[PDB]
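Below: one structure, written as structure tokens.
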Amino acid sequence: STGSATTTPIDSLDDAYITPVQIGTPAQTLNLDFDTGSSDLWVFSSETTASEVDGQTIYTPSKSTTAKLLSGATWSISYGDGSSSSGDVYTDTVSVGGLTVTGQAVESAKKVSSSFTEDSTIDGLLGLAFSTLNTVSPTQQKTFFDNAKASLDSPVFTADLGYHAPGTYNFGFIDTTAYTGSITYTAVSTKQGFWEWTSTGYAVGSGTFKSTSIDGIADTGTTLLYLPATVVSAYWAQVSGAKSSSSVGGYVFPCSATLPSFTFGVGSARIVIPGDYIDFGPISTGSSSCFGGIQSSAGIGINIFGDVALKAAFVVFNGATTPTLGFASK
């Protein structure tokens with residue numbers, strides 16, 4: 001089997017991407033944030049505290065003939081941005097882009113933090129990291145990908161995120177028309193439950209490539225590119241007037257700037273992030289100070305190849321017995 005679904009930016013900055021997912025019988029379609037940095041499929045639901053719902057579409061298990069309470073199971077998750085959610089669990093039929101999993105754990109939110117409530121466009125998350133990070137207790141649950149894997153033509157999914165445009169998540173096949181040149185594959189460590197890999201270095205603009213190992217995670221659920229302070233300082237030093245602002249929470253730059261590109265290494269290959277992808281616009285409405293899309297990972301504890309980086313590539317998440325990651329230009 002295979003699946004193919006379009007993923008759409010939630011706003012004009014590509015802050016996140018939503019992908020329609022069918023849950024239950026008859027189908028209830030919710031727009032979920034596919035997140036390769038976590039491993040829970042959770043949804044706004046008929047059980048979510050009413051004051052914490054503001055415009056989201058909810059899953060109502062009582063209206064699904066295939067829903068079954070997973071008795072005794074609870075979940076609770078906290079994300080790197082400080083947001084959180086928790087609740088109980090049902091199993092139900094879940095389909096993405098024509099690919100159907102029966103008995104998928106659907107984690108029903110009883111509580112969500114304010115950032116979730118305030119984002120009316122995101123109806124929940126669909127985790128695509130390794131199932132060892134799943135938070136369901138006392139019986140840990142498998143991700144949608146893990147459940148689908150054995151039925152897939154090939155044990156892979158791909159992320160093809162758009163810049164200010166829709167893109168695609170495919171399951172079970174590699175669309176050879178969706179990228180240019182060849183795919184370069186690189187080793188993955190699953191030790192921390194993430195799609196963790198080591199970039200071979202970077203360049204700023206038309207500058208020379210610096211060969212240096214940068215361990216980080218491929219994370220579709222993080223907006224920005226978070227890298228070591230040395231690397232980030234070298235990038236922003238090439239933008240007149242750019243500075244790190246503790247008051248704003250990272251690097252800002254004059255909105256009048258033209259940003260240089262940023263290149264990262266994948267083995268001997270190179271992925272170029274155009275300067276425009278690094279512009280996240282005014283820090284507040286009407287400001288002439290703009291927020292940067294490359295920020296320091298210092299104090300996160302891990303480097304994160306988020307959407308800024310991933311949307312510059314066609315990315316293969318290879319879930320074979322020995323997982324790997326592939327990157328192609330597009």
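Residue numbering restarts at 1 for every chain of the structure tokens, chains are lettered A, B, ... in their displayed order, and ligands are numbered from 1 as they appear.
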Can you check which parts of stretch 203-281 of chain A lie within 9 Å of stretch 1-19 of chain A? Per residue, the shortest pair of atoms and distance in Å to one decimal, counting only C-alpha atoms, sorted by chain and number, as a tab-separated table.
```
residue	atom	partner	partner_atom	distance
A:220	CA	A:16	CA	8.2
A:221	CA	A:16	CA	6.9
A:222	CA	A:16	CA	7.6
A:223	CA	A:15	CA	5.5
A:224	CA	A:15	CA	8.5
A:279	CA	A:13	CA	8.4
A:280	CA	A:13	CA	6.1
A:281	CA	A:13	CA	7.6
```
Emit the selected residues as a CSV table (one decimal), in the first residue's frame, including N, CA and C atoms.
```
chain,number,residue,atom,x,y,z
A,220,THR,N,10.1,18.0,11.4
A,220,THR,CA,9.0,18.7,10.6
A,220,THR,C,8.1,19.6,11.5
A,221,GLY,N,8.1,19.2,12.8
A,221,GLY,CA,7.3,20.0,13.8
A,221,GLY,C,7.9,21.2,14.4
A,222,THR,N,9.1,21.5,14.0
A,222,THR,CA,9.8,22.7,14.5
A,222,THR,C,9.9,23.7,13.3
A,223,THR,N,9.6,24.9,13.5
A,223,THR,CA,9.6,25.9,12.4
A,223,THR,C,11.0,26.2,11.9
A,224,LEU,N,11.9,26.5,12.8
A,224,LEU,CA,13.2,27.1,12.5
A,224,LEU,C,14.3,26.1,12.4
A,279,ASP,N,13.7,34.5,6.4
A,279,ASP,CA,13.0,35.7,6.8
A,279,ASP,C,11.7,35.3,7.4
A,280,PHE,N,11.5,35.6,8.7
A,280,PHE,CA,10.3,35.3,9.4
A,280,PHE,C,9.5,36.6,9.8
A,281,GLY,N,9.9,37.7,9.1
A,281,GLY,CA,9.0,38.9,9.1
A,281,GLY,C,9.1,39.7,10.4
```
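Residues with any atom within 9 Å of residue A:276, counting only C-alpha atoms and excluding same-chain neighbours fewer than 4 positions away, are residues 258, 259, 260, 261 and 280 of chain A.
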| message | Using Å and a single decimal, report how far atom CA of residue A:286 sits from atom CA of residue A:118. | response | 21.4 Å
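Residue nearest residue A:181 within the list A:269, A:205, A:65, A:167: A:269 [criterion: smallest interatomic distance, only C-alpha atoms].
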| message | Residues near residue A:55, anyone? I mean within 10 Å using only C-alpha atoms, not counting same-chain ones fewer than 5 positions away, as number ranges by chain. | response | A: 117-123
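Every protein or nucleic acid residue with an atom no more than 9 Å from residue A:156, counting only C-alpha atoms and leaving out same-chain residues fewer than 4 positions away, appears here: residues 145, 149, 152, 170, 171, 172, 173, 174, 316, 317, 318, 319 and 320 of chain A.
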| task | Could you give me, as number ranges by chain, the residues within 8 Å of stretch 187-196 of chain A, counting only C-alpha atoms and dropping anything in the same chain fewer than 6 positions from it? | result | A: 36-38, 129-133, 215-219, 317, 323-325
Expected file contents, prior selection, C-alpha atoms, as a PDB file, in the first residue's frame:
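Heads up, here's the output in result-v1.pdb:
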```
ATOM      1  CA  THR A  36       8.906  13.894  12.899  1.00  0.00           C
ATOM      2  CA  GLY A  37      10.148  15.120  16.300  1.00  0.00           C
ATOM      3  CA  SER A  38       7.472  13.381  18.391  1.00  0.00           C
ATOM      4  CA  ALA A 129       9.523   9.966  15.310  1.00  0.00           C
ATOM      5  CA  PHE A 130      10.287   6.521  16.772  1.00  0.00           C
ATOM      6  CA  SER A 131       7.632   4.811  18.858  1.00  0.00           C
ATOM      7  CA  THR A 132       9.993   4.609  21.839  1.00  0.00           C
ATOM      8  CA  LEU A 133       9.086   8.287  22.498  1.00  0.00           C
ATOM      9  CA  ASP A 215      24.613  16.279  15.034  1.00  0.00           C
ATOM     10  CA  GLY A 216      20.920  17.169  14.890  1.00  0.00           C
ATOM     11  CA  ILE A 217      17.371  15.987  14.288  1.00  0.00           C
ATOM     12  CA  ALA A 218      15.152  16.192  11.242  1.00  0.00           C
ATOM     13  CA  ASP A 219      12.034  17.731  12.770  1.00  0.00           C
ATOM     14  CA  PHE A 317      12.641   9.011   6.227  1.00  0.00           C
ATOM     15  CA  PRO A 323      16.947   3.511   9.453  1.00  0.00           C
ATOM     16  CA  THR A 324      18.534   6.234   7.356  1.00  0.00           C
ATOM     17  CA  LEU A 325      17.675   9.723   6.088  1.00  0.00           C
TER      18      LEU A 325
END
```
| Please, which residues of stretch 174-282 of chain A, numbered as in this document, come out helix (DSSP H, G or I) from DSSP, as JSON, numbers by chain? | {"A": [229, 230, 231, 232, 233, 234, 235, 236, 275, 276, 277, 278]}
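Atom pair atom CA of residue A:169 / atom CA of residue A:228: separated by 28.8 Å.
Comparing the minimum interatomic distances between residue A:242 and each of A:257, A:27, A:298, A:136, counting only C-alpha atoms, we find that A:257 sits nearest.
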| Long-range neighbours of residue A:101 as number ranges by chain, 10 Å cut-off, only C-alpha atoms, 3 positions minimum in chain | A: 23, 92-96, 98, 104-105, 144-149, 151
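For stretch 41-86 of chain A, a DSSP pass over the backbone yields strand (DSSP E) at residues 41, 42, 43, 68, 69, 70, 71, 72, 73, 74, 75, 76, 77, 78, 84, 85 and 86 of chain A.
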| Nearby residues (only C-alpha atoms) at most 10 Å from stretch 68-83 of chain A, same-chain spacing under 4 positions excluded, as a VMD selection string | chain A and resid 37 to 40 42 61 to 62 64 87 to 92 103 105 to 116 133 to 141 221 to 222 300
Write out, as a tab-separated table (two decimals), in the first residue's frame, the residues just selected, with C-alpha atoms.
```tsv
chain	number	residue	atom	x	y	z
A	37	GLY	CA	10.15	15.12	16.30
A	38	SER	CA	7.47	13.38	18.39
A	39	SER	CA	5.58	10.11	18.52
A	40	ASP	CA	2.01	10.78	19.72
A	42	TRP	CA	-3.29	13.37	19.57
A	61	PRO	CA	-15.27	9.11	19.48
A	62	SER	CA	-18.94	8.49	20.40
A	64	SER	CA	-17.40	6.66	15.41
A	87	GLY	CA	-5.74	13.01	28.02
A	88	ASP	CA	-6.96	9.48	27.45
A	89	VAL	CA	-6.83	7.12	24.46
A	90	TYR	CA	-9.08	5.43	21.92
A	91	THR	CA	-8.20	3.06	19.13
A	92	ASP	CA	-9.80	3.80	15.79
A	103	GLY	CA	-6.43	-0.01	15.59
A	105	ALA	CA	-4.01	4.82	19.05
A	106	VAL	CA	-5.82	8.15	18.87
A	107	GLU	CA	-4.92	10.20	21.91
A	108	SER	CA	-7.86	12.35	22.93
A	109	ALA	CA	-6.93	15.62	24.61
A	110	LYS	CA	-8.60	16.53	27.86
A	111	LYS	CA	-6.25	19.48	28.34
A	112	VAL	CA	-4.11	21.54	25.96
A	113	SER	CA	-1.82	24.47	26.70
A	114	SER	CA	-2.55	28.00	25.52
A	115	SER	CA	-0.43	27.90	22.35
A	116	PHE	CA	-2.58	25.03	21.07
A	133	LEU	CA	9.09	8.29	22.50
A	134	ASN	CA	5.33	7.64	22.63
A	135	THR	CA	3.91	8.84	25.96
A	136	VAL	CA	0.95	6.49	26.42
A	137	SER	CA	0.96	4.77	29.81
A	138	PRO	CA	0.97	2.02	30.97
A	139	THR	CA	1.15	0.46	27.52
A	140	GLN	CA	3.23	2.47	25.04
A	141	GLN	CA	1.61	2.83	21.60
A	221	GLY	CA	7.27	19.98	13.77
A	222	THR	CA	9.82	22.72	14.48
A	300	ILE	CA	17.96	23.46	23.78
```
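Between residue A:239 and the residues A:282, A:326, A:201, A:292, the shortest atom-to-atom distance, using only C-alpha atoms, involves A:292.
Each of A:296, A:268, A:29, A:212 was compared to residue A:230 using only C-alpha atoms, and A:296 turns out to be the nearest.
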